[PDB]
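Data file: run.txt. Format and content: compact mmCIF, N, CA, C and O atoms.
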```
# COMPACT_ATOMS: atom_id res chain seq x y z
N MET A 1 11.24 6.10 -1.27
CA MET A 1 10.77 5.42 -0.07
C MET A 1 9.49 6.05 0.43
O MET A 1 9.29 7.25 0.29
N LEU A 2 8.61 5.24 1.02
CA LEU A 2 7.38 5.77 1.60
C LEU A 2 7.68 6.37 2.96
O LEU A 2 8.07 5.66 3.89
N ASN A 3 7.49 7.68 3.08
CA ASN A 3 7.83 8.42 4.29
C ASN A 3 6.59 9.04 4.89
O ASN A 3 5.65 9.40 4.18
N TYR A 4 6.58 9.15 6.22
CA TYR A 4 5.50 9.87 6.89
C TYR A 4 5.64 11.37 6.71
O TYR A 4 4.64 12.09 6.63
N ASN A 5 6.88 11.86 6.63
CA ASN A 5 7.18 13.29 6.50
C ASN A 5 6.53 14.01 7.68
O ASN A 5 6.66 13.52 8.82
N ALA A 6 5.86 15.13 7.48
CA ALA A 6 5.12 15.83 8.53
C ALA A 6 3.84 16.37 7.91
O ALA A 6 3.85 17.45 7.30
N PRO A 7 2.73 15.64 8.03
CA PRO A 7 1.49 16.11 7.39
C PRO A 7 1.04 17.47 7.89
O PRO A 7 0.53 18.29 7.10
N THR A 8 1.23 17.75 9.17
CA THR A 8 1.13 19.12 9.65
C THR A 8 2.41 19.88 9.30
O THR A 8 3.49 19.29 9.19
N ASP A 9 2.27 21.19 9.11
CA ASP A 9 3.31 22.12 8.65
C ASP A 9 3.52 22.07 7.15
O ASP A 9 4.47 22.67 6.65
N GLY A 10 2.66 21.37 6.40
CA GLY A 10 2.60 21.52 4.96
C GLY A 10 3.41 20.55 4.13
O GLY A 10 3.57 20.78 2.93
N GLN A 11 3.91 19.46 4.71
CA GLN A 11 4.67 18.46 3.97
C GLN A 11 3.87 17.16 3.95
O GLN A 11 3.96 16.36 4.88
N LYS A 12 3.11 16.95 2.88
CA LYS A 12 2.23 15.79 2.80
C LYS A 12 3.04 14.50 2.79
O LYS A 12 4.21 14.47 2.40
N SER A 13 2.40 13.42 3.23
CA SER A 13 3.03 12.12 3.22
C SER A 13 3.21 11.63 1.78
O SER A 13 2.59 12.14 0.84
N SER A 14 4.09 10.64 1.62
CA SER A 14 4.35 10.11 0.28
C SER A 14 3.13 9.39 -0.28
O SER A 14 2.85 9.49 -1.48
N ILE A 15 2.41 8.66 0.57
CA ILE A 15 1.26 7.89 0.09
C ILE A 15 0.15 8.82 -0.39
O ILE A 15 -0.56 8.52 -1.35
N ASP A 16 -0.02 9.96 0.27
CA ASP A 16 -1.08 10.90 -0.09
C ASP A 16 -0.72 11.62 -1.38
O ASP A 16 0.43 12.02 -1.59
N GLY A 17 -1.72 11.81 -2.24
CA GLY A 17 -1.55 12.53 -3.48
C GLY A 17 -1.84 14.01 -3.32
O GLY A 17 -1.73 14.58 -2.23
N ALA A 18 -2.21 14.64 -4.43
CA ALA A 18 -2.56 16.06 -4.39
C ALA A 18 -3.92 16.28 -3.76
O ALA A 18 -4.18 17.35 -3.18
N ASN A 19 -4.81 15.30 -3.86
CA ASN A 19 -6.18 15.49 -3.40
C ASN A 19 -6.36 15.06 -1.95
O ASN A 19 -7.24 15.58 -1.25
N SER A 20 -5.55 14.13 -1.47
CA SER A 20 -5.76 13.50 -0.18
C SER A 20 -4.90 14.14 0.90
O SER A 20 -3.98 14.91 0.62
N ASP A 21 -5.23 13.80 2.15
CA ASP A 21 -4.45 14.19 3.31
C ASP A 21 -4.84 13.29 4.48
O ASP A 21 -5.86 12.60 4.44
N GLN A 22 -4.01 13.29 5.52
CA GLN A 22 -4.26 12.45 6.68
C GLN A 22 -5.52 12.91 7.41
O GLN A 22 -5.80 14.11 7.52
N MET A 23 -6.28 11.94 7.92
CA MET A 23 -7.48 12.28 8.68
C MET A 23 -7.17 12.55 10.15
O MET A 23 -7.52 13.61 10.67
N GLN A 24 -6.50 11.62 10.82
CA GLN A 24 -6.18 11.75 12.24
C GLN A 24 -4.74 12.21 12.38
O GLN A 24 -3.82 11.52 11.94
N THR A 25 -4.55 13.38 13.00
CA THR A 25 -3.23 13.92 13.25
C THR A 25 -2.97 14.25 14.71
O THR A 25 -1.91 14.79 15.02
N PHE A 26 -3.90 13.94 15.61
CA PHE A 26 -3.67 14.14 17.03
C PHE A 26 -4.59 13.22 17.82
O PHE A 26 -5.50 12.60 17.27
N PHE A 27 -4.33 13.14 19.13
CA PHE A 27 -5.11 12.32 20.04
C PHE A 27 -5.71 13.21 21.12
O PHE A 27 -5.05 14.12 21.61
N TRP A 28 -6.96 12.94 21.48
CA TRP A 28 -7.72 13.80 22.38
C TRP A 28 -8.10 13.00 23.63
O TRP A 28 -8.72 11.94 23.52
N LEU A 29 -7.74 13.52 24.80
CA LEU A 29 -7.93 12.77 26.04
C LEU A 29 -9.40 12.63 26.40
O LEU A 29 -9.82 11.59 26.91
N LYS A 30 -10.19 13.68 26.18
CA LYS A 30 -11.60 13.81 26.52
C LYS A 30 -11.81 14.02 28.02
O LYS A 30 -12.96 14.03 28.46
N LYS A 31 -10.76 14.19 28.81
CA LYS A 31 -10.88 14.52 30.23
C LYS A 31 -10.41 15.95 30.43
O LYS A 31 -9.20 16.22 30.39
N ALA A 32 -11.35 16.86 30.66
CA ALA A 32 -11.04 18.28 30.70
C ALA A 32 -10.43 18.67 32.05
O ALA A 32 -10.42 17.90 33.01
N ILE A 33 -9.92 19.90 32.09
CA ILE A 33 -9.33 20.48 33.29
C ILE A 33 -10.31 21.50 33.87
O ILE A 33 -10.79 22.38 33.15
N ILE A 34 -10.60 21.38 35.16
CA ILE A 34 -11.60 22.22 35.81
C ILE A 34 -11.00 22.85 37.06
O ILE A 34 -9.98 22.40 37.59
N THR A 35 -11.65 23.90 37.53
CA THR A 35 -11.25 24.63 38.73
C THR A 35 -12.35 24.52 39.78
O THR A 35 -13.54 24.66 39.47
N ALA A 36 -11.95 24.29 41.03
CA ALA A 36 -12.91 24.08 42.11
C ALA A 36 -13.39 25.42 42.67
O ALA A 36 -12.97 26.50 42.25
N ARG A 37 -14.31 25.33 43.63
CA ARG A 37 -14.87 26.52 44.26
C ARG A 37 -13.85 27.21 45.14
O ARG A 37 -12.88 26.60 45.61
N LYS A 38 -14.06 28.50 45.37
CA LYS A 38 -13.32 29.22 46.40
C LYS A 38 -14.00 29.04 47.75
O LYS A 38 -15.23 29.05 47.84
N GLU A 39 -13.20 28.88 48.79
CA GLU A 39 -13.76 28.70 50.13
C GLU A 39 -14.31 30.01 50.68
O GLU A 39 -13.87 31.10 50.30
N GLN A 40 -15.28 29.90 51.58
CA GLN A 40 -15.97 31.04 52.15
C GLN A 40 -15.73 31.08 53.65
O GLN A 40 -15.71 30.03 54.30
N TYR A 41 -15.55 32.28 54.20
CA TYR A 41 -15.25 32.46 55.61
C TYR A 41 -16.33 33.21 56.37
O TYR A 41 -16.69 32.80 57.48
N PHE A 42 -16.86 34.29 55.81
CA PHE A 42 -17.83 35.10 56.53
C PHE A 42 -19.19 34.42 56.58
O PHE A 42 -19.96 34.63 57.52
N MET A 43 -19.51 33.61 55.58
CA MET A 43 -20.84 33.02 55.49
C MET A 43 -21.18 32.10 56.66
O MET A 43 -22.31 32.21 57.18
N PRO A 44 -20.31 31.18 57.11
CA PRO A 44 -20.70 30.33 58.25
C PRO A 44 -20.97 31.09 59.53
O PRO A 44 -21.58 30.54 60.46
N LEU A 45 -20.52 32.34 59.62
CA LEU A 45 -20.69 33.11 60.86
C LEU A 45 -22.15 33.45 61.11
O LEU A 45 -22.59 33.50 62.26
N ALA A 46 -22.91 33.70 60.05
CA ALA A 46 -24.24 34.29 60.18
C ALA A 46 -25.25 33.29 60.74
O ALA A 46 -25.11 32.08 60.59
N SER A 47 -26.28 33.83 61.38
CA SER A 47 -27.46 33.08 61.79
C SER A 47 -28.66 33.58 60.99
O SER A 47 -28.64 34.68 60.42
N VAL A 48 -29.71 32.77 60.95
CA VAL A 48 -30.85 33.01 60.07
C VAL A 48 -32.06 33.42 60.91
O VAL A 48 -32.27 32.90 62.01
N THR A 49 -32.83 34.38 60.39
CA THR A 49 -34.09 34.82 60.99
C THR A 49 -35.18 34.76 59.93
O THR A 49 -35.02 35.34 58.85
N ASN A 50 -36.28 34.08 60.25
CA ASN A 50 -37.35 33.92 59.27
C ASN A 50 -38.19 35.18 59.17
O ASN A 50 -38.32 35.95 60.13
N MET A 51 -38.77 35.40 57.99
CA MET A 51 -39.59 36.56 57.72
C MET A 51 -40.84 36.15 56.95
O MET A 51 -40.72 35.54 55.87
N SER B 102 3.75 -34.30 -66.48
CA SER B 102 5.15 -34.43 -66.88
C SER B 102 5.96 -35.19 -65.84
O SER B 102 6.91 -35.90 -66.18
N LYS B 103 5.62 -35.06 -64.56
CA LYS B 103 6.43 -35.62 -63.49
C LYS B 103 5.76 -36.78 -62.76
O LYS B 103 5.96 -36.93 -61.55
N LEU B 104 4.99 -37.61 -63.45
CA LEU B 104 4.39 -38.78 -62.82
C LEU B 104 5.43 -39.89 -62.68
O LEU B 104 6.35 -40.01 -63.49
N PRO B 105 5.30 -40.74 -61.65
CA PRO B 105 6.22 -41.88 -61.47
C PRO B 105 5.79 -43.14 -62.22
O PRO B 105 5.25 -44.10 -61.66
N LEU B 106 6.02 -43.15 -63.52
CA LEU B 106 5.68 -44.30 -64.35
C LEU B 106 6.75 -45.38 -64.25
O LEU B 106 7.91 -45.11 -63.95
N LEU B 107 6.34 -46.62 -64.51
CA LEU B 107 7.24 -47.75 -64.56
C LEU B 107 7.18 -48.41 -65.93
O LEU B 107 6.28 -48.16 -66.73
N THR B 108 8.16 -49.28 -66.18
CA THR B 108 8.19 -50.13 -67.35
C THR B 108 8.25 -51.58 -66.89
O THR B 108 8.48 -51.87 -65.71
N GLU B 109 8.01 -52.50 -67.82
CA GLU B 109 8.01 -53.92 -67.46
C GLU B 109 9.37 -54.37 -66.97
O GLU B 109 9.47 -55.28 -66.13
N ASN B 110 10.44 -53.76 -67.49
CA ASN B 110 11.79 -54.18 -67.10
C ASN B 110 12.10 -53.79 -65.66
O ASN B 110 12.74 -54.56 -64.93
N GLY B 111 11.66 -52.61 -65.23
CA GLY B 111 12.03 -52.12 -63.92
C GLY B 111 13.39 -51.45 -63.93
O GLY B 111 13.84 -50.94 -64.96
N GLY B 112 14.04 -51.45 -62.78
CA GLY B 112 15.36 -50.88 -62.64
C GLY B 112 15.41 -49.84 -61.53
O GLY B 112 14.49 -49.71 -60.72
N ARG B 113 16.51 -49.09 -61.52
CA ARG B 113 16.71 -48.03 -60.53
C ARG B 113 16.14 -46.73 -61.09
O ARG B 113 16.83 -45.91 -61.69
N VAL B 114 14.84 -46.55 -60.89
CA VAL B 114 14.13 -45.35 -61.32
C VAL B 114 13.22 -44.88 -60.19
O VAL B 114 12.85 -45.65 -59.30
N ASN B 115 12.88 -43.59 -60.23
CA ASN B 115 11.92 -42.99 -59.30
C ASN B 115 12.37 -43.11 -57.85
O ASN B 115 11.72 -43.78 -57.04
N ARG B 116 13.48 -42.47 -57.51
CA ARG B 116 13.91 -42.39 -56.12
C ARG B 116 13.44 -41.08 -55.49
O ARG B 116 13.31 -40.06 -56.17
N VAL B 117 13.17 -41.13 -54.18
CA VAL B 117 12.66 -39.98 -53.45
C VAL B 117 13.47 -39.80 -52.17
O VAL B 117 14.32 -40.62 -51.82
N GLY B 118 13.18 -38.70 -51.46
CA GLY B 118 13.88 -38.39 -50.23
C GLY B 118 12.98 -37.63 -49.27
O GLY B 118 11.84 -37.29 -49.59
N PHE B 119 13.51 -37.37 -48.08
CA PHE B 119 12.75 -36.75 -47.00
C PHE B 119 13.61 -35.72 -46.27
O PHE B 119 14.82 -35.63 -46.47
N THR B 120 12.95 -34.92 -45.43
CA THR B 120 13.59 -33.83 -44.71
C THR B 120 12.86 -33.58 -43.40
O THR B 120 11.69 -33.96 -43.24
N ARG B 121 13.54 -32.95 -42.45
CA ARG B 121 12.95 -32.57 -41.17
C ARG B 121 13.44 -31.18 -40.77
O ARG B 121 14.49 -30.72 -41.21
N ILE B 122 12.65 -30.52 -39.92
CA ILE B 122 12.91 -29.15 -39.49
C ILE B 122 12.86 -29.09 -37.97
O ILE B 122 12.21 -29.91 -37.31
N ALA B 123 13.56 -28.11 -37.40
CA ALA B 123 13.66 -27.93 -35.96
C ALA B 123 13.21 -26.53 -35.57
O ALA B 123 13.42 -25.57 -36.31
N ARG B 124 12.58 -26.42 -34.39
CA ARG B 124 12.08 -25.16 -33.86
C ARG B 124 12.59 -24.98 -32.44
O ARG B 124 13.07 -25.93 -31.81
N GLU B 125 12.49 -23.75 -31.92
CA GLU B 125 13.08 -23.45 -30.62
C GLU B 125 12.34 -22.31 -29.93
O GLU B 125 11.58 -21.56 -30.55
N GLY B 126 12.58 -22.19 -28.62
CA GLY B 126 12.06 -21.10 -27.82
C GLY B 126 12.87 -20.95 -26.56
O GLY B 126 13.60 -21.86 -26.15
N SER B 127 12.75 -19.78 -25.92
CA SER B 127 13.57 -19.44 -24.77
C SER B 127 12.74 -18.71 -23.72
O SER B 127 11.61 -18.31 -23.97
N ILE B 128 13.34 -18.53 -22.54
CA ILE B 128 12.66 -17.93 -21.39
C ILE B 128 13.41 -16.68 -20.95
O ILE B 128 14.57 -16.46 -21.32
N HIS B 129 12.74 -15.86 -20.14
CA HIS B 129 13.28 -14.59 -19.66
C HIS B 129 12.89 -14.38 -18.20
O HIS B 129 12.17 -15.18 -17.61
N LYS B 130 13.38 -13.28 -17.63
CA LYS B 130 13.23 -12.98 -16.21
C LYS B 130 12.67 -11.58 -16.01
O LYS B 130 13.02 -10.66 -16.76
N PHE B 131 11.81 -11.42 -15.00
CA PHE B 131 11.19 -10.14 -14.68
C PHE B 131 11.13 -9.95 -13.17
O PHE B 131 11.27 -10.91 -12.41
N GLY B 132 10.94 -8.70 -12.73
CA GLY B 132 10.76 -8.43 -11.31
C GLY B 132 10.71 -6.95 -11.01
O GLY B 132 11.18 -6.11 -11.79
N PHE B 133 10.12 -6.63 -9.85
CA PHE B 133 10.07 -5.26 -9.35
C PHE B 133 9.76 -5.29 -7.86
O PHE B 133 9.33 -6.30 -7.31
N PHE B 134 9.99 -4.15 -7.19
CA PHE B 134 9.94 -4.09 -5.73
C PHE B 134 9.55 -2.69 -5.27
O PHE B 134 9.40 -1.77 -6.07
N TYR B 135 9.37 -2.55 -3.96
CA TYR B 135 9.06 -1.27 -3.33
C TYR B 135 9.59 -1.25 -1.90
O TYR B 135 9.92 -2.29 -1.33
N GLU B 136 9.66 -0.05 -1.33
CA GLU B 136 10.28 0.17 -0.03
C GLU B 136 9.37 1.01 0.86
O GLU B 136 8.48 1.71 0.38
N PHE B 137 9.61 0.93 2.17
CA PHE B 137 8.85 1.71 3.15
C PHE B 137 9.67 1.84 4.42
O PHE B 137 10.75 1.27 4.55
N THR B 138 9.13 2.60 5.38
CA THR B 138 9.76 2.84 6.66
C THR B 138 8.83 2.45 7.80
O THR B 138 7.65 2.16 7.58
N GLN B 139 9.37 2.44 9.02
CA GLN B 139 8.56 2.06 10.18
C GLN B 139 7.58 3.16 10.57
O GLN B 139 6.43 2.87 10.91
N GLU B 140 8.01 4.42 10.54
CA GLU B 140 7.10 5.51 10.90
C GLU B 140 5.98 5.65 9.87
O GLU B 140 4.90 6.15 10.20
N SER B 141 6.23 5.22 8.63
CA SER B 141 5.18 5.26 7.63
C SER B 141 4.02 4.34 8.01
O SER B 141 2.88 4.59 7.62
N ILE B 142 4.31 3.28 8.76
CA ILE B 142 3.27 2.36 9.18
C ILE B 142 2.71 2.76 10.53
O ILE B 142 1.49 2.73 10.76
N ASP B 143 3.59 3.13 11.46
CA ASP B 143 3.17 3.35 12.85
C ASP B 143 2.24 4.55 12.98
O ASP B 143 1.26 4.49 13.73
N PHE B 144 2.54 5.64 12.29
CA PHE B 144 1.82 6.89 12.50
C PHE B 144 0.76 7.17 11.44
O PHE B 144 0.09 8.20 11.52
N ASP B 145 0.59 6.29 10.45
CA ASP B 145 -0.41 6.53 9.42
C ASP B 145 -1.80 6.29 9.99
O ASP B 145 -2.01 5.40 10.82
N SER B 146 -2.77 7.08 9.53
CA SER B 146 -4.10 7.05 10.12
C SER B 146 -4.85 5.77 9.75
O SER B 146 -5.82 5.40 10.41
N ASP B 147 -4.42 5.10 8.69
CA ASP B 147 -5.12 3.92 8.18
C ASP B 147 -4.30 2.68 8.49
O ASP B 147 -3.21 2.49 7.93
N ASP B 148 -4.82 1.82 9.37
CA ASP B 148 -4.22 0.51 9.56
C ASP B 148 -4.65 -0.42 8.43
O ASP B 148 -5.67 -0.20 7.77
N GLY B 149 -3.86 -1.46 8.21
CA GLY B 149 -4.08 -2.33 7.08
C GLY B 149 -3.62 -1.76 5.76
O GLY B 149 -4.07 -2.23 4.71
N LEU B 150 -2.75 -0.75 5.78
CA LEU B 150 -2.23 -0.18 4.54
C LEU B 150 -1.38 -1.20 3.78
O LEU B 150 -1.42 -1.26 2.54
N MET B 151 -0.61 -2.01 4.51
CA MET B 151 0.26 -2.98 3.86
C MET B 151 -0.54 -4.03 3.11
O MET B 151 -0.09 -4.54 2.07
```
Produce structure tokens that represent the structure in this file.
Amino acid sequence: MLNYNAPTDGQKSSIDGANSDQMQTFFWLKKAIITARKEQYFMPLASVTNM
Amino acid sequence: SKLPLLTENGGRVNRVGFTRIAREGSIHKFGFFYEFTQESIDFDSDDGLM
């Protein structure tokens, strides 16, 4: 029978021979995870003097 | 030596015969098949494999 088996972990599919292997084995979201800024407390307190 | 000659009198001479032959032929049967699974189609990287 033609089986998918598990192309990852070293068990090639039935359709694939000795030379071939699956091209796509995962899906990629393309939306990354990011971290925002840390809030600041002392900075708004200050006033500015020109020089 | 074996020509079909006649004489003026005639009579029951020079009789011949015929034959027929028969021939024949027959037919036979062939076939083969293959199998697959659902995951073999769903998760394979190439669509249109079937």
- request: Kindly give the distance, in Å, that separates atom O of residue 17 (chain A) and CA of residue 145 (chain B), rounded to a single decimal.
  value: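 Those two atoms sit 14.2 Å apart.
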Chain A contacts to chain B at 9 Å (only C-alpha atoms) as a VMD selection string: chain A and resid 1 to 5 13 to 15 22 to 25
Go ahead and write the residues just picked, N, CA, C and O atoms, as a PDB file, keeping the file's coordinate frame.
```pdb
ATOM      1  N   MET A   1      11.240   6.100  -1.270  1.00  0.00           N
ATOM      2  CA  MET A   1      10.770   5.420  -0.070  1.00  0.00           C
ATOM      3  C   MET A   1       9.490   6.050   0.430  1.00  0.00           C
ATOM      4  O   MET A   1       9.290   7.250   0.290  1.00  0.00           O
ATOM      5  N   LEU A   2       8.610   5.240   1.020  1.00  0.00           N
ATOM      6  CA  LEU A   2       7.380   5.770   1.600  1.00  0.00           C
ATOM      7  C   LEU A   2       7.680   6.370   2.960  1.00  0.00           C
ATOM      8  O   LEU A   2       8.070   5.660   3.890  1.00  0.00           O
ATOM      9  N   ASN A   3       7.490   7.680   3.080  1.00  0.00           N
ATOM     10  CA  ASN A   3       7.830   8.420   4.290  1.00  0.00           C
ATOM     11  C   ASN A   3       6.590   9.040   4.890  1.00  0.00           C
ATOM     12  O   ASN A   3       5.650   9.400   4.180  1.00  0.00           O
ATOM     13  N   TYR A   4       6.580   9.150   6.220  1.00  0.00           N
ATOM     14  CA  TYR A   4       5.500   9.870   6.890  1.00  0.00           C
ATOM     15  C   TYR A   4       5.640  11.370   6.710  1.00  0.00           C
ATOM     16  O   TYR A   4       4.640  12.090   6.630  1.00  0.00           O
ATOM     17  N   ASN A   5       6.880  11.860   6.630  1.00  0.00           N
ATOM     18  CA  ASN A   5       7.180  13.290   6.500  1.00  0.00           C
ATOM     19  C   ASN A   5       6.530  14.010   7.680  1.00  0.00           C
ATOM     20  O   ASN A   5       6.660  13.520   8.820  1.00  0.00           O
ATOM     21  N   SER A  13       2.400  13.420   3.230  1.00  0.00           N
ATOM     22  CA  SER A  13       3.030  12.120   3.220  1.00  0.00           C
ATOM     23  C   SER A  13       3.210  11.630   1.780  1.00  0.00           C
ATOM     24  O   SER A  13       2.590  12.140   0.840  1.00  0.00           O
ATOM     25  N   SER A  14       4.090  10.640   1.620  1.00  0.00           N
ATOM     26  CA  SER A  14       4.350  10.110   0.280  1.00  0.00           C
ATOM     27  C   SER A  14       3.130   9.390  -0.280  1.00  0.00           C
ATOM     28  O   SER A  14       2.850   9.490  -1.480  1.00  0.00           O
ATOM     29  N   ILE A  15       2.410   8.660   0.570  1.00  0.00           N
ATOM     30  CA  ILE A  15       1.260   7.890   0.090  1.00  0.00           C
ATOM     31  C   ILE A  15       0.150   8.820  -0.390  1.00  0.00           C
ATOM     32  O   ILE A  15      -0.560   8.520  -1.350  1.00  0.00           O
ATOM     33  N   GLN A  22      -4.010  13.290   5.520  1.00  0.00           N
ATOM     34  CA  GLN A  22      -4.260  12.450   6.680  1.00  0.00           C
ATOM     35  C   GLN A  22      -5.520  12.910   7.410  1.00  0.00           C
ATOM     36  O   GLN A  22      -5.800  14.110   7.520  1.00  0.00           O
ATOM     37  N   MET A  23      -6.280  11.940   7.920  1.00  0.00           N
ATOM     38  CA  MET A  23      -7.480  12.280   8.680  1.00  0.00           C
ATOM     39  C   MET A  23      -7.170  12.550  10.150  1.00  0.00           C
ATOM     40  O   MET A  23      -7.520  13.610  10.670  1.00  0.00           O
ATOM     41  N   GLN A  24      -6.500  11.620  10.820  1.00  0.00           N
ATOM     42  CA  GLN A  24      -6.180  11.750  12.240  1.00  0.00           C
ATOM     43  C   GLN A  24      -4.740  12.210  12.380  1.00  0.00           C
ATOM     44  O   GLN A  24      -3.820  11.520  11.940  1.00  0.00           O
ATOM     45  N   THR A  25      -4.550  13.380  13.000  1.00  0.00           N
ATOM     46  CA  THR A  25      -3.230  13.920  13.250  1.00  0.00           C
ATOM     47  C   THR A  25      -2.970  14.250  14.710  1.00  0.00           C
ATOM     48  O   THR A  25      -1.910  14.790  15.020  1.00  0.00           O
TER      49      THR A  25
END
```
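Note that CA of residue 21 (chain A) and CA of residue 9 (chain A) are 12.3 Å apart.
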field: Distance of CA of residue 133 (chain B) from atom N of residue 19 (chain A), expressed in Å to one decimal place
entry: 26.0 Å
Given 5 Å on each side, where is the centre and what are the edge lengths in Å to one decimal of the axis-aligned box enclosing the listed atoms of region 124-142 of chain B, as JSON?
```
{"center_x": 8.0, "center_y": -10.1, "center_z": -11.7, "size_x": 23.1, "size_y": 42.6, "size_z": 55.3}
```
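When DSSP is run on the backbone, the residues of chain B that fall into alpha helix (DSSP H) are residues 139, 140, 141, 142 and 143 of chain B.
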